[PDB]
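Okay, here we've got a single chain as structure tokens, the form deposited in one PDB entry, with questions on binding and movement later.
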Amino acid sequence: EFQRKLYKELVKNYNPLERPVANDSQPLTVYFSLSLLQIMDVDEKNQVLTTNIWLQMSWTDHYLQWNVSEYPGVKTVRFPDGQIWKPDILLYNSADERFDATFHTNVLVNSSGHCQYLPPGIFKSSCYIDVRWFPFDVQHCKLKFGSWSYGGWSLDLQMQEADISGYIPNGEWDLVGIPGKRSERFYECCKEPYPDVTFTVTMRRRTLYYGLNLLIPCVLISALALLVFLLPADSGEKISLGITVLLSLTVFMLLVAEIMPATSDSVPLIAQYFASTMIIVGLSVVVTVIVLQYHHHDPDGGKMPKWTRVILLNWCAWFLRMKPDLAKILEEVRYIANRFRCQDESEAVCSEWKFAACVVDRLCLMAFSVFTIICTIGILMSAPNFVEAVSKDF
């Protein structure tokens, strides 16, 4: 009875085009904020952030004011889209094909005219994803909101601190905060300035998932590559194991490519670590070829360069702690035995070459192990957030 009477009363002469101010010259203060409920997705390949947001726009409509003594029990009213004047606050850096993913709900006014509008929405925003430090990355994704067609002389946008009480954790991202900032910028279209409120969603990637699925698996598969330096050459599978492991490591780069954007701003840390890993494994294949050249060396070929005979079989070897008828019968039997002596000398030369191959195996085992350890640690601890990560997520 009083809700009916008031609803009829409030739409007499009301125009949803008129900015609801009493004095036309003064701008209309709109307080803007948001409640972040969830970080639904971070599409780094497409540079998009999908969030569940409850935008919070509060202002004062000069015309929607009633005296509750004359409408007992009627303390608030609600208006759907298109019936009340609303601020046309859009997300500037939107990535949604419709460009406006907001779901239009009611505007709740009280007896004093204060209008409250809390549209829910799944919002896609074009966010620059700094992949320089991935997986130990922190992203600062801006959500820039402003009135599209009202300038500062008409809509005085004011910012209120972001709401995160109802935020639901993600699993992959630790909300580090949503600091906001109000700016007054000038545009090349127009002379009247335009204010905007930009909320910078700061997100820390939780590194356990990518650590367990990308970093540690590659470390351990990369470690298998070093087993080539412990394999004997006579097994006939050094090259097979090494080349198989290297070409298996490409799957991780393929996975990263499925994740990372095709940008040239920088090289992600994961790529630099994966690249150094493959280069070290590839150099192990090159060194395996050299080792097999030493092992399969023709004894009657070139002689052993003194530089090799000392740099490897003396120093590096020590460092590693390795270490008438009867005359015709005499002639024939002496050729057989001299042939055997020549074969013994050839085996001895081949044995020394095989020893050189083994010494090289051990030196490169040590050197590639040290290279792996340093490169891995020095590339991973070059991330500013590395320590924070290992402490929080492991």
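The numbering used is simple: start at 1 and walk along the sequence shown. Only the largest set of C-alpha atoms that superpose within 1.5 Å between the two forms is called the rigid core.
The next section is about a form of this same protein that is not shown, the form deposited in another entry.
- Here the two forms are overlaid on the core, and between this form and the one not shown the C-alpha of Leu313 is the only one among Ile122, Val74, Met159, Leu313 to shift by 2 Å or more.
- Relative to the superposed rigid core, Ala367 undergoes a CA displacement of at least 2 Å between this form and the one not shown.
- Remark: with the core as the superposition reference, the CA shift of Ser147 between this form and the one not shown stays below 2 Å.
- Comparing the forms between this form and the one not shown, the C-alpha position of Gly177 differs by less than 2 angstroms, with the core used for superposition.
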